[PDB]
Every structure is written in structure tokens, then in C-alpha cells.
Amino acid sequence: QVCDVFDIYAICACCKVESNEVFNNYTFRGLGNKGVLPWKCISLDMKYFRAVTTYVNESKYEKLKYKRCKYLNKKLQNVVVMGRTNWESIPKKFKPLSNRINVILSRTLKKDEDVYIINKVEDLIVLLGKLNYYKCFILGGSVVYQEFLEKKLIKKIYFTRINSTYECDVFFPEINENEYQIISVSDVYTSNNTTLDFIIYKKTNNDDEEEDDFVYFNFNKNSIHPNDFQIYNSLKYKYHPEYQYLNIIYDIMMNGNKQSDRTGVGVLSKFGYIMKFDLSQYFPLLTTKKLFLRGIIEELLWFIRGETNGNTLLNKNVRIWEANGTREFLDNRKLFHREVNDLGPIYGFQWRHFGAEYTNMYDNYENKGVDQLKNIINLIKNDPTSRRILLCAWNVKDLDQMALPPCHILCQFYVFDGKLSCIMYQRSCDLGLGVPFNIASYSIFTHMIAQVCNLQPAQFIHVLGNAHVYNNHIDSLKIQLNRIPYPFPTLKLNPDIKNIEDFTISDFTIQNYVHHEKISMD
Amino acid sequence: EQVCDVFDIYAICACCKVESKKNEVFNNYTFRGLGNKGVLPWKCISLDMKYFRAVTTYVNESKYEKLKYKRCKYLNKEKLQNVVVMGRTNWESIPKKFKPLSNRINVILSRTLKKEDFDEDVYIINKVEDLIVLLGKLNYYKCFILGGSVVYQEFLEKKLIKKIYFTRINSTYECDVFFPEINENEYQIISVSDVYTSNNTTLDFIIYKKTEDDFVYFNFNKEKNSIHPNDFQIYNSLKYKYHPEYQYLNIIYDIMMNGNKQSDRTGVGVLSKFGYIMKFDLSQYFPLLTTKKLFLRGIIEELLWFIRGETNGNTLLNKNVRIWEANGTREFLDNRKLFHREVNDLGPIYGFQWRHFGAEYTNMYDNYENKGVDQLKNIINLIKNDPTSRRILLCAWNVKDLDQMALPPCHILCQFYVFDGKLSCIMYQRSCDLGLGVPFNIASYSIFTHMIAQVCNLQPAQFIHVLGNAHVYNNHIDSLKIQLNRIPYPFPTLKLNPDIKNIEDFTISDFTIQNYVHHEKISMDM
Ligand SMILES: NC(=O)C1=CN([C@@H]2O[C@H](COP(=O)(O)OP(=O)(O)OC[C@H]3O[C@@H](n4cnc5c(N)ncnc54)[C@H](OP(=O)(O)O)[C@@H]3O)[C@@H](O)[C@H]2O)C=CC1
Ligand SMILES: NC(=O)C1=CN([C@@H]2O[C@H](COP(=O)(O)OP(=O)(O)OC[C@H]3O[C@@H](n4cnc5c(N)ncnc54)[C@H](OP(=O)(O)O)[C@@H]3O)[C@@H](O)[C@H]2O)C=CC1
Ligand SMILES: Nc1nc(N)c(-c2cccc(Cl)c2)c(COc2cccc(OCCCC(=O)O)c2)n1
Ligand SMILES: Nc1nc(N)c(-c2cccc(Cl)c2)c(COc2cccc(OCCCC(=O)O)c2)n1
Ligand SMILES: O=c1ccn([C@H]2C[C@H](O)[C@@H](COP(=O)(O)O)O2)c(=O)[nH]1
Ligand SMILES: O=c1ccn([C@H]2C[C@H](O)[C@@H](COP(=O)(O)O)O2)c(=O)[nH]1
């Protein structure tokens, strides 16, 4: 086939377009608006474009030309192909595209030279056949893209997913998932007030003596069916940060220890993982299934007021703590003298009143115990290089009085160069149902603390102690592992809030959340 | 072109330590024992046999034509098996059932015996040069010199070895023949394996050496201190850095190269990073760092004092353990606003939180029996009676008591994990002095894991070290540059007196560190 011989690739940047809402690859399809780009200026895409359409490997060319000659008969640059409309839109100082053989497909133009013009697609394969070039990149225009994809002349699409909405005239054609497959996903980035990532579609099939040393050092190296993780195992580059979560799921399914549970539910378990999410580049809200945050934010606000009254949450239809406050749950816990939905000295109490005698959920605890939360905020503002900036919910004295002992043992904070990072240590991690919400909670918490200390959020670092997958989440997680993440959304806080106690539900906005379908984990 | 590169001649050996401990010096020549009375110095080390088999039988057919090409070129010409070469004494030592070595072309060096003296499928050669002639006329992948001391010695001196695959057997036996002293300018270590236990010894495997476009695109955005670099020449020369000690050393390198400059308490300045995990397999080795000398008497006395629930610094000072001396002084306590604290009364620190969390601290002499929560007793009962519990945590960070402590704990919490009769331990460290504290902290929580495992009738599995604020002191940088260019030794082992059934019944004499091999003392302070 002619795209393998001549190495014809497409490179495009697609934004989202105006009108639950359902998402798919076609979500990202905006190319142009009235002759020009639909977006202001996205310098990381500009930079990826330059490096991709510029890169040549002279050491690799011998093989390309042999192939090209054998198929025909016998300083290195790439070729770049544009439609006339596309060519028009390009400024001036960049106009004869640097270090690239500029080919222009037009039925109207002809002429300068060293800069080629072609009347038909077929007349590109002729020109390719007569040039020394490394690879051929189609820079498009909708029409150019439309016709090259129709003719099956594309080996890979280098597709930038610009995760924001613009007014658009012209759209990338709908890539058929039967003709092309995604093999690679980049890291997620923030450039010019949008997140974005870089994915690669490929056309489907329808002094190395230290290599033996590797084998020698490997001389001593679960009824899951990997063949069911086909999309997951096929991917070459899984750099999207959502793979930190998905890879842990894969590791527990493949290598996890079979253990029984309180009920006899059964888990696969492992011990000790770290995930790190860059809050400067994205908000890490899982995209491989639908996640809701109103509950999560109300829980955090409830913690921050130091509440222990489950009814405050139930009256707002936040039901996270409902099972933990029933008569039966508290009686099983030997809390015979505890009122229904009185969760005892849990998170909120330990954050605002650590060490105070707990009475009931209605008592006035003002100025009682250690206000750890106010203390960690003062340490951050007045002693940011302190290695003592910890918020601890694990009150050993109070554990038996809590509806249950906290899963989220502590937060530690780190300040460098006006930036705030947070470690949270979780003793017990329900990878299928809990951990996704848990990453979102403490990611939101890191933004709130950062903003009230006039700092920028940097990393949220999640340490997993007992890390388990429920045997009844395994089918749902097989489905989830075979979905390709989308670029992450962004979190906006109302910028007016400079005190940790002044946030309300309306101060929080998730932007550009693109996600696959809700999964019922059981 | 060199004969050893055309014909791909390698040596493979296993060397133990030899007969003669207080102020003892170690170097690569520590591991030199090859044999005793015409057999091996040790009974069975089955993992070394497994490794020897895998190296001497492995072939990549799809790389042979390339090697054929090269050999023909050099000689002026146009199932695949390795060759193995043995001295006659070596051959006679091998049990009958193992001869000739299966799936290998067997070659024996002899003058006294000829081919009529052998029943087996073997080539007899009476000089080194006839080996080279033979290799020139055989189809084979690689050639392994399996020794004899006389065979190794004559193949090294003649520069006919491209690499030595060297097993370091970290135990002492009676030897009468020895591997030649390797010349550090002829041969250099390029690679070091994981550390293993086999047949009640630790061992590792080192290698001496004779002295895609899509990937590029996804790295389009690749950008710190680099304010000492390639002072790490040996560190950076190594290809495979698999010894678990590199978990420690690689974090040091990461902090030096990418660390953030910040002030701290003392005002001495550090390089800092946030969030690391190390994991040590206590079933396979005791991770006592070997790139500098460490002593354990003090850290074991500290641990026993923690378990006793003690806060009296004078108890350690009377055993000549000074770990807590500086945090016990009038000036230290007064600068903490502990004006009403007696000298060396460290307040409600680790041992108090482990035995009496929640009790009102009075003084270091009070009897706190049955006050506060005995967390230590609770986790031992949880491990025995509820082993799948996700609540097996021992926590020293008592928020209420922080200001009463000489200083707040660095070692915040231990979480335990039980599967299949093995105990693992995560310890979370809020603040980690990589150059001085962390080496001791690894050894301390590794021993604790052993103690808890034994008293709950479990075997130790992993000690998992989580580092929060991980820092290198600027005054330690030159000392750590030295340490990082040192090649780790196979780790020692830890034995406990097995008669101890209760966490509280341990004493210093119940602990033995065997086969500690290390580089010399470093003063971290210049
Ligand atoms: N987001 C992205 O990655 C990219 C976006 N764009 C945007 O898209 C728009 C440009 O694309 P769109 O309007 O389709 O225009 P195109 O660039 O696809 O241009 C179409 C023109 O190219 C010529 N042409 C097309 N097919 C042939 C053929 N088969 N043989 C000979 N000539 C042919 C004709 O020129 P003639 O008129 O001379 O006959 C045709 O009118 C702009 O808004 C631009 O900024 C462009 C590139 C990439
Ligand atoms: N730990 C380890 O990795 C290893 C240990 N060993 C141990 O080493 C000991 C035996 O080794 P060591 O005593 O040196 O003896 P060797 O195995 O080195 O064999 C020595 C004999 O081989 C013959 N030989 C050597 N070189 C030549 C030559 N260039 N030309 C002709 N013949 C040659 C001679 O045999 P002849 O006298 O018949 O001419 C010589 O006496 C044993 O204890 C064995 O268990 C051996 C290998 C590896
Ligand atoms: N990933 C990706 N794919 C695409 N195909 C396009 C794209 C979009 C429109 C026109 C062109 Cl030529 C390329 C873009 C966006 O980047 C642009 C767009 C328009 C002009 C432009 O300036 C000249 C390039 C200078 C240089 O590379 O040195 C850069 N992104
Ligand atoms: N790393 C390393 N290098 C060495 N050269 C030797 C060695 C030692 C003595 C004789 C020989 Cl042939 C090889 C050893 C230990 O060798 C042993 C010991 C016990 C059994 C053994 O298996 C031989 C048959 C198994 C097989 O290969 O099929 C090999 N270790
Ligand atoms: O914030 C939370 C609270 C709970 N869990 C999950 C982990 C376990 O499945 C269970 C806690 O049960 P124990 O570990 O207390 O037995 O709830 C979380 O993942 N996150
Ligand atoms: O067991 C210990 C005790 C102390 N430190 C080091 C870390 C810090 O450099 C210092 C205490 O730091 P702060 O209290 O200032 O965080 O002691 C350790 O690494 N481990």
C-alpha cells in the first residue's frame, strides 16, 4: 500500500464545537472558522506541530528510499501538503514553511519554485517518487483531510485534542474506528487557558551486547483474561496521567492476592502504591467513566465546618455516610449510646477539635481541642519550609468512638517557589468505587488550601496502603481498562474566597469535563 | 579486532569469602573462594546453579548470522548452542549425571588425558590456541570459560575474556583455590543484580566488562541543579542498577539533580523533593546499606526502649547510645518552651504513644500502666486474630501531644499487611534526612517488621518506606558524591533468637547481623 511506501501521515488539531451529552472521538472535530483557526493561539500545539513536521532521522532514510525505489524502480527534510485555503491563512515570516518541502494542492494556482503545486492527489505520489524526503505530513484543510482519508493514503493521524469549545465552519472527517485505531496518548497539558493532549491513530490490519545481560538478570522471573484488555494491551504509549489509576487496577487484577472480606465479598489486594497528579496542568477527574462531584464537595465543606452530624449531609441528599450512621451499623460497632447519624469524632472533629472530649453531634466545641486546620494554614503562610505541615484524622484515642476509623489518615503539605503540593496517605483503597472520588476530594482540597494561602497548586500525591479491587468490580473494571481517556477537565474556584471557612457549593466549577458512559461498578 | 570480541569468550564463576571481623576491610577481592579439596567450597546453592544454567544455555538464533559474518570476516571466509570450556580438574569434580553439560558443546583443557580417556561427547584440547582454532571451525552462539582456577588465571592474563559473570556468595567457607585478583583497569563492574537468599546465604550477580519516532514526538516538551554532575562517573557508567541499595542511591541522585533549594530549621539549606516509595524484600536480605559502614547496637537499643514505652533519655545514655542526647538538653528543652521539663525527659514521644496514646504525660518516671491506648498490643492482636484487617496501624503523631514532645515524630505511622502467612510493613516518614537519618530508619523498621512477624508466627515479606519531605543537607553533598560512586555489596542477613514469643521479651543479644560486607565509614559532615 502507497501510504506505507511513501509514509503519508496527517497532523491536525481539533477543538470541540457548539450546538446528559454523550462523548466519543467525534467530540473533537473543529478545524477552522471563516478562513482561520477557531482558537486564539495555543503555543504547545504550535510547538508540537513544528517538532513533528520538522523531525528527520537521516540514519533511517536508507531503508525508506530502498522501499520507495524497489516499489518504483532504481539536507534531508519532510514534505508538508496543504490545501490552497489552508496555504492562504498562513502568515508571512513562516509562510514558506521552514526546513520543510512545501507542496500545495490547488486547481487554480500555479508558478515560485523549490515550492511545488499539484492539480490532483495522484500528482503527489508522482512528486514523492522523484524527491528525497523523510516523511510526508498532510497539514489538511477539511477538504484535503476528507479526500486523503477517503483514498486510504494515511498511515497515521497525529491528532491534538484541544479540550475547549469554539465557533467552527469546517470539521475533521469522522475517523472510522474499523479503519484506524488509537495506539498512543500523551500527557495532559494546559496551554493558553485550555487543557489538551496528543493521540496517535494508526491504519489497522484489515554494542547491543547488554541485551543478553537483560535476559540473564531476569532468570528468576490471576484468572483474569488479558485478551479481554485488548485495547489496553495494544496501546504503545500510555502517558495520559489517568493510566496511573488504570495501571494500578491492571496490576492488582494480574498480580493481586486473593483475600476474603468482612461479608465474604472477596478482594484482590496489594500493598503500597503512589500516584502523582499535576494540578498546574489539569484537574484529574477520571474520564474512563462518569463521576459526580456535588456530594464530594459538600462532604469537604462539612469536614471544614468540623461537623459530625450525618443529617446535615442526608438533608442535602449526600448519602456517602448514610450506611455508617444506621442504628444497626452503630450497634454492630458497640455504639449503643450513639444517636442515629451521630458519626462521633470523625474527620471534621479531628480537623477542628483534636483532643477534645466528644459528647454528641449537637454540642458547642468552640475553642476545644487542637484546630489542626487553622494551624496547617498558618504554618503554610508563615513557615512554608516546615516539614511539620500535617493534618491527621487518625486519633488513636477516639477510633472506637467513630462510626468507622478514617480511610484518609493524613495530609502533608510542601511549599516551594509559591507552589503547594499535598500527600494524602490512605490506609484502605477501594480502587473501583472509592479511589476515583478520593483523588477528586483531595485534589479539590489542595486547590482550596492553595488559594487561601495565595499559592498555586502543584502536585496531589496519593499514597495507597491496602489497595484492593472487589471481585464484583472486575467485569466493570475490564470494560473501563479498554476505554481511552480524554484530556482532563479544569477546576475553577471563585477567586474572591481567601478564608478556608468561606467556600460554598457555588464557589466550585468543573470545566470541559469530557467522559465515557457511567459504569455501574457492581 | 580482539580474539575475545570475535569469538565472544566470557568467564562465569561463583566466589565465596575465605578464612582468616572487628575493623575488617572489604574490597572486590573479599569474594575470591572458588573451590576446596577439588570440589566447591559450599554444599548446594541452587539459585547460583539456576543462574549458571540460564547464562551458559541461552542463545538468540536471530543474532547468529551477525556473529557468523564477523567470525568469517576475521578469518577470511564468506539448535544453536553455546560452547563451555572446563579445566580437567573442574571436569572430574562434576557429578556423572550432569556430564556432558546438557545443550552445550563441552570442551576440556588437558595435557595428561586425551580423547581415548573419555566416553562422553566432548572436545579435548591441550592448549589455549587450539580452542581459538576449534571456535573458528564450530557453529556456536557464545563461549563460556567455566573455570578451574588455573583456567581462569591463564584466560584473564591473556586478555581472552570479554566479560566476567561473577556470583558473589555472601558467606565464608574453607577454600584452597581462589579466583585471580581482577585488575580494576583491565575490567570494570557495569551491572549488579537484585539480592537473593538461597540455601541460607545471600548472593548477587555482577558483570565485569573489559575496559521510536513517536517516542521522540511525545518528548517534544522536555524542559536543574546539575551543579556537580559527572562527579558521578562510576554511578552513571553502570548499565543495570538492580541491587535494592539503588532505591536509596537513586533518590539521592534525583534530589541532587532535580531537588529544590530551601532553608530549614538549622538554616543550613537542603535540596528537597516530596513523595518517594522504596520497597525491600526482607525474605531475601536485610537492607543494611553497604556503600558506607553502619552500626546497629544503638538503633536496636532505641527500638527496645520504644517497645518498653520509655521516654527517659538517661536509659539510652547509660547504654552509651546518644541518638536522643541533643534533644534532651536544658537549652534544647527551653528552646521548645519545655521550661518545666527535666533534662533528658523527652516527653510523650514514640514509646509513650506506642503503649499509652491518649494518657496525660506527667514525667518520665511515672507508672502509666493501663493508661491510654496500648496500640502495640492491639496491632499484635489484630495481626494474630484479624489478619485481613485494613486497620492495623501504629501511629506516633498524637496531634494533642506534639508541643509536649522534645520534637514531633518523623516516623508518623506503620501499617501492616498479612497474606499467606507473611507480614509486610509500610512506614510513612514526614521528614527524611537522606544522608544521615534514612539509612538508620530503613534498618530500624526492617528489624521491627521481623520482631512483629516472629511474635505473630509469620514470616517477614516487604518493608515499604514512604518518604514525604525528602531532603539532602548541602553539607552532605560532597560525602554523598563519594558514596554514590561506590558499588553496593550483597546485603547481610538478620537472625532473631526464635525462643522470643512476645514483643516485650527481646534484648540486644537476641539479634545477629551476619555477613555484613561494606565500604568504609563516611563522615557525612565533611
Ligand atoms: N485545525 C487544523 O489542524 C487545521 C485547520 N485548518 C483550517 O481549515 C480551513 C482550511 O480548510 P478547508 O476550507 O477545507 O480548505 P482546504 O485547505 O482543504 O482547501 C481546499 C482547496 O484546496 C484545493 N484542492 C482540494 N482538493 C483538491 C484536489 N483534489 N485537487 C486539486 N486541488 C484540490 C482546492 O483549491 P482551489 O481553490 O485552488 O481549487 C480547494 O478549493 C481554514 O479555516 C484553516 O485555518 C487548516 C489546516 C489544519
Ligand atoms: N566456584 C567456581 O565458579 C568454580 C570452582 N571450581 C573448583 O576449582 C577447583 C579445580 O580448579 P583448579 O585446581 O585450578 O584446576 P582447573 O579446573 O583449572 O583445571 C586444571 C587442569 O586443566 C588442564 N589445563 C589447564 N590449562 C591448560 C592448558 N592451557 N593446556 C592444556 N591443559 C590445561 C590441566 O589438566 P591436566 O593436569 O590433566 O593437564 C590442568 O592441570 C575445584 O575445587 C573446582 O570445584 C572450578 C570452576 C569454577
Ligand atoms: N497539530 C496541528 N496540526 C495542524 N495541521 C495545524 C495547522 C492548522 C492550520 C494550518 C497549518 Cl499549516 C497547520 C496546527 C496549528 O498550527 C498552525 C496553524 C496555522 C499557521 C501556523 O503557522 C506556521 C507554522 C510555522 C512552523 O511550524 O514553524 C501554525 N496544529
Ligand atoms: N556462577 C557459576 N559459575 C561457575 N563456573 C560454576 C561452576 C562451578 C564448578 C564447576 C562448573 Cl562446570 C561450574 C558455578 C557453580 O556451578 C555449579 C554447581 C553445582 C551444579 C551446577 O550445575 C551444573 C549442571 C547444571 C547445568 O548447568 O545443567 C553448576 N557457578
Ligand atoms: O474515603 C474512603 C472511605 C472508604 N473507602 C473504602 C476502602 C474500603 O473498601 C472501605 C473501608 O473499610 P475498612 O478498611 O475500614 O474495613 O471503604 C475508600 O476507598 N475511601
Ligand atoms: O528518625 C529520624 C529522626 C530525624 N530525622 C531527620 C529528618 C530531619 O532532617 C530532622 C527533623 O526534621 P524536622 O522536625 O525539622 O522536620 O531529623 C530522620 O530522618 N529520621
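In what follows, chains are A, B, ... by sequence order, proteins preceding strands, each numbered from 1. The basis for the numbers below is simple: all heavy atoms, side chains too, and nothing from hydrogens, waters or symmetry mates. Numbering of ligands and ligand atoms starts at 1, following listing order.
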To the nearest 0.1 Å, how far is [atom] from its closest protein heavy atom, and which atom is that?
{"atom": "atom 23 (C) of ligand 2", "value": "B/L109 O, 3.2 Å"}
{"atom": "atom 9 (C) of ligand 2", "value": "B/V177 CG2, 3.8 Å"}
{"atom": "atom 22 (O) of ligand 2", "value": "B/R88 N, 3.0 Å"}
{"atom": "atom 31 (C) of ligand 2", "value": "B/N126 O, 2.9 Å"}
{"atom": "atom 12 (P) of ligand 2", "value": "B/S149 N, 3.6 Å"}
{"atom": "atom 6 (N) of ligand 2", "value": "B/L34 O, 4.1 Å"}
{"atom": "atom 13 (O) of ligand 2", "value": "B/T89 CG2, 3.8 Å"}

So which atom in [X] and which in [Y] form the shortest heavy-atom distance, rounded to 0.1 Å?
{"X": "B/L402", "Y": "B/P408", "answer": "CD2-CB, 4.0 Å"}
{"X": "B/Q353", "Y": "B/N398", "answer": "OE1-ND2, 3.0 Å"}
{"X": "B/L134", "Y": "B/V107", "answer": "CD2-CG2, 3.9 Å"}
{"X": "B/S171", "Y": "B/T201", "answer": "OG-OG1, 2.8 Å"}
{"X": "B/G259", "Y": "B/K273", "answer": "CA-CG, 4.0 Å"}

With atoms numbered from 1 as shown, which atoms in ligand 2 lie under 4.0 angstrom from a non-hydrogen atom of [X]?
{"X": "B/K127", "answer": "30 (N)"}
{"X": "B/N90", "answer": "17 (O), 46 (C), 47 (C)"}
{"X": "B/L40", "answer": "1 (N), 5 (C), 45 (O)"}
{"X": "B/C13", "answer": "3 (O)"}
{"X": "B/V151", "answer": "18 (O)"}
{"X": "B/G147", "answer": "47 (C)"}
{"X": "B/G87", "answer": "17 (O), 19 (O), 22 (O)"}

Check: Can you find a protein heavy atom under 4.0 Å from atom 40 (C) of ligand 2?
Finding: no

Margin query: I need the single residue from B/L434, B/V438, B/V472 that forms a side-chain contact (heavy atoms from CB on, under 4.5 Å) with B/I251. Which is it?
Written below: B/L434

Note to self: Please enumerate all residues that pass side-chain hydrogen bond (donor to acceptor under 3.5 Å, both in side chains) together with B/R265, with sequence neighbours excluded.
What the structure shows: none

Relative to ligand 2, is [X] under 4.0 angstrom through side chain, backbone, both or neither, heavy atoms considered?
{"X": "B/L146", "result": "backbone"}
{"X": "B/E154", "result": "side chain"}
{"X": "B/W91", "result": "neither"}
{"X": "B/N36", "result": "backbone"}

Next item on the list: Compute the ring centroids of A/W351 and A/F445, then answer whether they are less than 6.0 Å apart.
Entry: yes

Polar atom proximity, [X] to ligand 2 (N or O, under 3.5 Å):
{"X": "B/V39", "result": "yes"}
{"X": "B/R111", "result": "yes"}
{"X": "B/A14", "result": "yes"}
{"X": "B/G35", "result": "no"}
{"X": "B/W42", "result": "no"}

Next item on the list: For ring pair (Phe, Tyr, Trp, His ring centres under 6.0 Å), just list the numbers for B/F179 and B/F166, CA-CA rounded to whole Å, side-chain angles, deciding distance to a tenth of an Å, and then say yes or no.
Entry: CA-CA 10 Å; B/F179 195 84; B/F166 191 108; 5.5 Å; yes

Next item on the list: Determine which pairs satisfy salt bridge (charged side-chain N to carboxylate O under 4.0 Å, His left out) with at least one residue from residues 147-160 of chain B, sequence neighbours left out, and list them in order.
Entry: B/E129-B/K158

In terms of side-chain heavy atoms, does [X] have a donor or acceptor partner in [Y] at a distance below 3.5 Å?
{"X": "A/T385", "Y": "B/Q262", "result": "no"}
{"X": "B/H465", "Y": "B/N441", "result": "no"}
{"X": "B/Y350", "Y": "B/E302", "result": "no"}

Next item on the list: Salt-bridge test for B/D264 and A/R387: reply yes if a basic N is under 4.0 Å from a carboxylate O, no otherwise.
Entry: yes

Next item on the list: Before giving the answer on side chain to side chain contact (heavy atoms under 4.5 Å, CB included), spell out for B/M278 and B/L467 the whole-Å C-alpha distance, their side-chain angles and the decisive distance to 0.1 Å.
Entry: CA-CA 8 Å; B/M278 300 180 280; B/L467 270 32; 3.9 Å; yes

Note to self: With a 4.5 Å cut-off on side-chain heavy atoms, are B/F52 and B/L146 touching?
What the structure shows: yes

Next item on the list: Please answer whether the main-chain N or O of B/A14 pairs with a side-chain N or O of B/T167 as donor and acceptor at a distance below 3.5 Å.
Entry: no

Check: Are the side chain of B/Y123 and the backbone N or O of B/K115 linked by a donor-acceptor pair below 3.5 Å?
Finding: no

Next item on the list: Compare B/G148, B/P41, B/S110 and give the one whose heavy atom is closest to atom 36 (P) of ligand 2.
Entry: B/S110

Notebook entry, point to check: Is the closest heavy-atom distance from B/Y152 to ligand 2 below 4.0 Å?
Noted result: yes

Checklist line | All pairs passing side chain to side chain donor-acceptor pair (under 3.5 Å) where residues 29-41 of chain B contributes a residue, at least two apart | finding: none

Check: For ligand 6, what are the residues with a heavy-atom contact below 4.0 Å?
Finding: A/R387, A/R388, B/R265, B/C410, B/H411, B/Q429, B/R430, B/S431, B/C432, B/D433, B/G437, B/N441, B/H471, B/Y473

